[PDB]
Chemist: 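Quick one: this structure, given as structure tokens, is what I'll be asking you about.
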Amino acid sequence: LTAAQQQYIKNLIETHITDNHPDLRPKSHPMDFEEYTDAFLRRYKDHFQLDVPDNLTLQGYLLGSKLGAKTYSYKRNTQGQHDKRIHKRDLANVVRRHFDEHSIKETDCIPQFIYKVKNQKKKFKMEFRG
Amino acid sequence: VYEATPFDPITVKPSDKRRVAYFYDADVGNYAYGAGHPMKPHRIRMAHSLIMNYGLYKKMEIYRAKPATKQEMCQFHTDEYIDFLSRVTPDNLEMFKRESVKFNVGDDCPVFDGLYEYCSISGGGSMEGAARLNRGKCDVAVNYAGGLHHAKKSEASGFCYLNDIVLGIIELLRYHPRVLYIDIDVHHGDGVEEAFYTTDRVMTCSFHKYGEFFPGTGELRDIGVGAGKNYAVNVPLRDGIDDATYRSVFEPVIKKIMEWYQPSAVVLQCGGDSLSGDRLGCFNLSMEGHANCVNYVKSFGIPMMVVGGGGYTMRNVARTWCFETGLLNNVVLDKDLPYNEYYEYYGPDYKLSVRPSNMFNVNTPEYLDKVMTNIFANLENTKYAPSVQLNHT
Amino acid sequence: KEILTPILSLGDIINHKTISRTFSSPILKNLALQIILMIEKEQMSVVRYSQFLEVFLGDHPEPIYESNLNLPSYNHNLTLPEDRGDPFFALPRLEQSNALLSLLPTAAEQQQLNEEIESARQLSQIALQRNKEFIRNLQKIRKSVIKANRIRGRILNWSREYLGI
Amino acid sequence: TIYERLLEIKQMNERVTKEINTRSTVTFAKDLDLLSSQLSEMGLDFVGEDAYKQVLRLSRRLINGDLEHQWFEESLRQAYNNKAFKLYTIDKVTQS
Amino acid sequence: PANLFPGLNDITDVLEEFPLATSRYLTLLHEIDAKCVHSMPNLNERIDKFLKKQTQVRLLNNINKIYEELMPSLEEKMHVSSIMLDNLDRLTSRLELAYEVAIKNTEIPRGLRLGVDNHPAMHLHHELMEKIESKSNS
Amino acid sequence: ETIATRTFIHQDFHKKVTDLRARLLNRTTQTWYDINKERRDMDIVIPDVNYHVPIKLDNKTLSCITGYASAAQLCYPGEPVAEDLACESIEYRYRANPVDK
Amino acid sequence: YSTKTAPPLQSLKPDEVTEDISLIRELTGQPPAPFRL
Amino acid sequence: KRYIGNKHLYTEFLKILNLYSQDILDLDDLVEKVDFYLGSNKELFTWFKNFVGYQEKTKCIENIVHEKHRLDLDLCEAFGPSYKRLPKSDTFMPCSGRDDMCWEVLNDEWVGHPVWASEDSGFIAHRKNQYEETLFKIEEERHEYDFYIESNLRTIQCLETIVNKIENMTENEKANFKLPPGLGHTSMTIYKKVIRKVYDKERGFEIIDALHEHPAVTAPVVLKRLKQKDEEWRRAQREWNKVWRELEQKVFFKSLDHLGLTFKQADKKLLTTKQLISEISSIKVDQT
Ligand SMILES: [K+]
Ligand SMILES: [K+]
Ligand SMILES: [Zn+2]
């Protein structure tokens with residue numbers, strides 16, 4: 001009731017109370033690879049045969065605390081092993097770098113796209129790298 | 001075709017044992033319709049407590065089932081209805097004043113925080129119970145968060161917003177020819193009956209109170225249209241019916257249905273507004289009288305899917321659900337409740353009992369004889385043709 | 001000359017005497033029944049094979065209760081005495097399937113038993129996947145049949161209402 | 001009219017007495033002192049002598065006018081939960 | 001132009017052909033079954049016995065014996081099911097084209113299919129929504 | 001209560017793992033048989049013919065030869081379908097009145 | 001008699017709420033809130 | 001190529017399309033990521049979606065043709081006592097997740113209509129006492145307390161795990177921490193309603209925001225308020241437990257007496273000479 005808090009509260013409710021249209025759901029940038037389901041990341045890393053470990057999902061990353069440090073997951077992911085998973089940000093940065101450096105020129109990117117789209121329902125078709 | 005008898009001690013038979021899969025989700029109790037509404041999910045949580053503290057969890061397997069998805073809801077409901085459910089909140093209701101008017105929303109079925117999540121939990125539990133029953137894992141599958149049997153394919157009706165039993169029976173029908181549904185609420189199971197009215201693969205059987213009541217449907221002469229004629233059984237009853245009366249009406253109807261319809265997957269709604277002391281129902285059933293139904297439907301030996309329903313006095317639903325669940329495990333419990341976090345709500349003597357009153361029974365040997373004879377007559381056009389080899393159901 | 005000729009209008013689905021014998025047949029509905037009745041028996045089989053394979057894969061298809069997970073008991077400072085006024089985070093240690101531990105009470109007999117246990121796993125896997133493909137086919141078939149029956153019934157209804165019947 | 005009511009009570013007598021005589025208490029309710037004893041601070045509980053003789057004796061005390069109606073009713077409720085309301089006026093029928 | 005009703009005529013032909021195809025394959029399946037009726041019962045018996053049990057070695061031997069005795073007849077079933085499926089998919093595509101051309105033509109009038117306008121009911125709806133929009137304007 | 005929910009946690013884990021493995025096995029053996037069928041379907045040299053409702057073609061049956069009508073112009077897989085058609089269950093091609101009179 | 005009714009569960013006072021909101025804003029790095037204590 | 005204009009962002013666009021064709025992306029996330037390049041043009045986008053084979057799983061509300069109708073079921077053809085035939089146009093309501101047997105088995109044209117019936121019995125209407133109506137209020141208040149408290153007790157559990165983890169991490173991990181909606185667990189609704197219960201129904205929004213963006217600053221601070229109100233509310237609850245337990249022990253037994261409570265006056269009124277005569281049924285008086 002002081003001509004500042006009024007519009008403050010007004011903006012708050014005008015920004016948090018809407019009709020939840022699916023047309024307003026906040027969508028992430030295409031270049032930020034951390035917002036990619038962590039199975040896209042693993043399939044990318046596994047397809048281009050990169051050299052990274054797998055990531056810690058979110059349950060394995062909050063599982064790290066003095067109390068959480070006694071669970072089988074911590075003691076299987078933090079001792080001396082080779083399967084030692086990592087934080088999603090690291091794998092996502094490796095993937096992003098191999099994305100911005102390895103490059104492509106069309107004349108083979110498009111016809112492959114068309115052959116892919118026109119055969120979605122087919123089980124027996126050209127695997128474009130496998 | 002009805003002789004009244006005394007009510008015999010409920011007792012588990014040792015020749016058959018089950019593999020109970022119990023479904024619970026620690027979130028469900030956390031939703032509330034509003035200030036004074038008679039619907040309280042908290043009671044499901046309360047029942048869980050007794051199951052834990054009686055030592056009953058040690059003979060069954062307790063699972064959280066994943067919530068049901070929008071496109072699993074639209075197997076029975078419309079897109080506009082489900083989209084409304086997903087987008088409406090107690091804060092933006094002013095921008096849905098048409099849809100709220102159009103989908104039967106606002107006084108008997110309000111919108112609370114967590115409506116869509118509560119519906120997801122109910123539907124998920126029901127469909128996962130059905131799927132696990134199809135895969136030959138469990139024999140009985142219990143889901144007390146589901147049984148919202150009053151919901152319409154395009155409308156909210158009677159404290160219910162999503163018909164999870166329809167989804168459950170749709171999943172049960174992928175592998176089964178013939179499914180029976182029993183509804184022992186005090187209201188008529190009208191959503192499920194309206195949904196499966198013109199088919200012969202689901203037989204609905206309601207035992208309700210017909211009068212100046214809710215919803216207003218389910219007469220003795222409402223028996224199915226089309227190819228579904230004679231595949232909808234109604235038993236209308238009057239106030240005051242008690243354990244002996246109810247048992248003598250309930251057993252022969254169900255036994256004749258089992259002999260004729262030969263179904264081989266039963267769904268059982270175990271609503272609790274049909275108990276003495278409830279705040280909306282008007283029967284005079286005990287806890288043993290309400291549990292002998294479960295015991296009888298179990299004594300047959302075909303895949304059962306038990307669900308919740310009504311019950312508006314929390315204490316009594318909690319106690320009768322815990323007792324029924326003990327009976328499905330071949331266990332007659334003890335009457336003294338163990339200490340639990342709800343060691344209130346159970347005044348005044350803290351026991352495993354539901355007590356009947358002395359109110360008067362308005363149902364007499366001629367009304368019931370007439371009703372049951374009409375039913376036994378309607379219920380002989382529903383057999384299987386003589387050349388049709390079965391799988392011993 | 002009347003038998004042998006085309007529909008001339010919608011009312012001919014009930015008026016014509018040959019064409020009515022088709023749109024009122026109780027035959028697309030008995031086929032679907034036979035199909036589901038064989039699907040049910042084949043699913044009984046699929047279920048009885050799918051647990052042999054799980055006894056031989058290591059999984060325990062038996063129900064695992066509180067007394068089968070031989071979890072190590074712990075102790076915090078609860079359960080006070082009268083009137084006075086980690087092994088928590090450990091893993092089940094599941095013993096073995098009783099079907100598998102009932103086999104064990106030479107070397108030749110042991111390699112014999114090894115080959116038997118190998119054959120069991122591979123045969124059960126083949127049989128299971130074949131029955132599952134059978135069922136998937138049967139379901140596609142029944143879907144086509146009931147689609148035809150529904151179209152038939154809609155035509156019958158529109159016809160009998162066109163006549164005012 | 002009076003005879004028939006007394007007859008139904010004397011038909012329920014056996015089960016009622018051997019039900020009130022085998023009553024158990026729930027231990028945690030005893031230790032947390034949750035129960036009440038109003039109908040035992042007054043002797044209105046139906047301890048192991050018969051229940052018919054007690055309802056008779058209490059009817060007499062009610063007639064003499066020392067035992068209030070409220071407590072006769074409450075004792076009858078708790079000993080005969082839904083089965084002896086047809087005695088609440090055993091003093092006004094005799095009087096007539 | 002005229003209307004020779006080709007949709008409904010092809011639909012009649014289709015619906016007459018549908019049940020003849022299926023029954024040959026159903027009899028083929030019944031013929032395959034008749035070998036597996038002294039093998040499947042005792043196999044199911046021995047499997048449930050071994051599941052709920054010095055002799056277990058002989059039992060597992062018997063179970064593998066019966067398994068690979070009964071293996072050949074399980075490929076017959078799915079071969080027959082596959083040819084049955086292809087036949088019925090041909091019939092289904094036939095049916096669906098006939099149906100859609102019946103509806104796209106007027107062998108079923110579009111006032112008889114999608115109902116009437118203003119339908120003596122539905123005055124309740126107009127009242128309700130009219131009031132909503134009116135006091136929305138108020 | 002904490003002992004009971006410990007048991008519940010471990011039982012739920014066991015359930016989800018065994019589902020995982022059975023589902024992956026079923027998916028691979030599905031893909032195998034689909035590969036088999038799509039392989040043999042490339043071996044047919046002469047397909048089957050069937051009846052249907054004659055449609056208007058490019059340089060063919062009768063309405064495009066004599067200058068009477070247009071062609072049928074097949075539509076795309078996935079497109080605006082009318083809702084009534086989506087109820088009559090469906091599979092809709094041929095944007096507008098295919099038949100040749 | 002009877003007629004005894006439990007009073008409603010209460011929440012934080014506007015001043016305790018104002019102190020938490022400005023402290024969270026200060027630790028993070030946003031400008032000052034419009035209501036100060 | 002003409003619309004996107006620049007060649008660098010067009011190159012990145014083509015690389016995402018190739019990411020689809022190389023069997024790494026999925027169809028839905030493909031269209032989702034294409035949004036940022038083909039959003040402002042609708043016809044390109046819908047041609048693309050038809051091209052790729054893209055179908056939505058359910059329809060929105062803003063584009064549906066065959067709505068729900070508040071129709072007065074008085075003017076509709078009846079069958080039996082309760083059911084009425086729907087108009088035809090209200091049977092084309094879209095149910096986008098139905099398969100073929102979901103059309104074989106389900107019923108689409110008959111609706112139910114409630115008939116208000118008057119009962120055959122000549123009797124008094126059973127009702128509720130006042131003793132049965134004190135219990136319902138006692139249980140309403142018990143439930144209100146249990147609801148708020150046990151809903152606080154779950155946000156406590158979540159924020160507790162998160163604080164235990166925050167206390168075991170460095171400073172760059174403190175400036176590089178973020179939590180998704182749902183805070184890492186199954187539910188996405190309960191913690192927000194808790195937070196606006198405890199704080200404010202309007203300023204809890206900012207707290208939930210800073211809880212999603214800055215979990216390391218914002219949620220050891222929130223957890224110390226939930227723990228305060230937990231103890232306040234449990235204090236009040238175990239105080240009123242004895243009040244309710246006292247008010248219950250009388251009306252409980254006086255609450256299952258449906259007949260007696262008025263059987264006093266009833267036996268006074270049905271022992272008169274009039275009724276004692278009238279029961280003989282061969283004498284006649286006159287029917288009331
Ligand atoms: K019912
Ligand atoms: K039915
Ligand atoms: Zn009910």
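Note on naming: letters A, B, ... go to the chains in the order of the sequence lines (proteins, then strands), and numbering restarts at 1 for each one.
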Chemist: Can a side-chain donor-acceptor contact be found between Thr186(H) and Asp27(B) if the only test is distance below 3.5 angstrom?
Modeler: yes
Chemist: Would you please classify the geometry between the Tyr83(H) ring and the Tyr197(B) ring as parallel, tilted or perpendicular, with 30° and 60° separating the classes?
Modeler: tilted
Chemist: Are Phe147(H) and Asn30(B) side-chain neighbours, meaning at least one heavy-atom pair lies under 4.5 Å?
Modeler: no
Chemist: Less than 4.5 Å to any heavy atom of chain B: does that hold for the side chain of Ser187(H), its backbone, both, or neither?
Modeler: both
Chemist: Can you see whether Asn241(H) engages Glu344(B) through a side-chain donor-acceptor pair at a distance of less than 3.5 angstrom?
Modeler: yes
Chemist: Heavy atoms only, distances under 4.5 angstrom: which of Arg154(H), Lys192(H), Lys193(H) has the most pairs with chain B? Name it, please.
Modeler: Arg154(H)
Chemist: In terms of heavy-atom proximity below 4.5 Å to chain B, should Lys128(H) be classed as side chain, backbone, both, or neither?
Modeler: side chain
Chemist: Is any side-chain heavy atom of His42(B) closer than 4.5 Å to a side-chain heavy atom of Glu150(H)?
Modeler: yes
Chemist: Could you tell me which non-hydrogen atom of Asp257(H) sits nearest to which non-hydrogen atom of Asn358(B), and how far apart they are?
Modeler: OD1-ND2, 2.8 Å
Chemist: Give, as side chain, backbone, both or neither, the part of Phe84(B) having an atom under 4.5 angstrom from any heavy atom of chain H.
Modeler: both
Chemist: Go through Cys102(H), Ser96(H), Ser151(H) and name the one with the most non-hydrogen pairs under 4.5 angstrom from chain B.
Modeler: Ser96(H)
Chemist: Using non-hydrogen atoms and a 4.5 Å limit, figure out which bit of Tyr342(B) sits close to chain H: side chain, backbone, both or neither.
Modeler: side chain
Chemist: Minimum heavy-atom separation for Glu219(B) and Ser82(H), please, with both atom names.
Modeler: CG-OG, 4.4 Å
Chemist: What part of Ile64(H) lies closer than 4.5 angstrom to a heavy atom of chain B: side chain, backbone, both or neither?
Modeler: side chain
Chemist: Please flag which part of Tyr81(B) lies under 4.5 Å from any non-hydrogen atom of chain H: side chain, backbone, both or neither.
Modeler: neither
Chemist: Looking only at heavy atoms, which two atoms of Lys59(H) and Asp79(B) are closest? And how far apart?
Modeler: N-OD2, 3.2 Å
Chemist: Heavy atom to heavy atom, less than 4.5 Å: which residues from residues 110-120 of chain H reach chain B?
Modeler: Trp110(H), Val111(H), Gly112(H), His113(H), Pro114(H), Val115(H), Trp116(H), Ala117(H), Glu119(H), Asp120(H)
Chemist: State whether the side chain of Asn107(H) and the backbone N or O of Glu194(B) hold a donor-acceptor pair below 3.5 Å, judged by distance alone.
Modeler: yes
Chemist: Just so I understand: if I count every heavy-atom pair under 4.5 Å between each of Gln249(H), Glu140(H), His126(H) and chain B, which residue has the most?
Modeler: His126(H)
Chemist: Looking only at heavy atoms and a cut-off of under 4.5 Å, which of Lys70(B), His77(B), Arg355(B), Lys152(B) has the most pairs with chain H?
Modeler: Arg355(B)
Chemist: Is chain H contacted by the side chain of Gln71(B), its backbone, both, or neither, given a heavy-atom distance below 4.5 Å?
Modeler: both
Chemist: As an exercise: rank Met314(B), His188(B), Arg221(B), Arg279(B) by heavy-atom pairs under 4.5 Å with chain H and give me the winner.
Modeler: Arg279(B)
Chemist: Given that the side chain runs from C-beta out, which part of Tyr210(B) has a heavy atom under 4.5 Å from chain H: side chain, backbone, both or neither?
Modeler: both
Chemist: Pick one of side chain, backbone, both or neither for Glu193(B), based on which atoms fall under 4.5 Å of a heavy atom in chain H.
Modeler: both
Chemist: Out of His37(B), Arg238(B), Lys66(B), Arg45(B), return the one with the most heavy atom pairs under 4.5 angstrom to chain H.
Modeler: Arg45(B)
